[PDB]
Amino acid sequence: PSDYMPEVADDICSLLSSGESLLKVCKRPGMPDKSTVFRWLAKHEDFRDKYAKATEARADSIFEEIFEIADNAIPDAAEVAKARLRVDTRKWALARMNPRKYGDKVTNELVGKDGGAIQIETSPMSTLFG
């Protein structure tokens, strides 16, 4: 399939929403190849918007998936290393798929010199940086 086909695009969105990766989806019977999918995305805002929703759902599905990949790893050196790579890749991807939900979380307690107030001295510009 090369021409944009909304029915097919909708199926792609459903499968992605469940956590399946695009390349895996594109290997299913009668699916377009990845390049085609990206071309459809480029030219059809309806698909782009639905794909965005699917990406968010995909992230939530994968968030559950990572526990399973770790917990069920075969206790063999190489298989555990592979499970780790699969989990690490998903962790990294999740933060990009939904930064607000899955990005890193830090609380910074900001203090100044010797645990007192933060000391700031303001001065006139001393060079032309404007």
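Start at 1 with the first residue shown and count on from there.
Taking the PDB entry as given, 62-70 carries the higher mean Cα B factor of the two stretches 62-70 and 88-96. Looking at mean Cα B-factors across 101-109 and 32-40, the upper value is held by 32-40.
Residue-level temperature factors show residue 26 in the highest third of its chain, judged at the C-alpha atom.
For residue 54, the recorded CA temperature factor ranks within the middle third of the chain's modelled residues.
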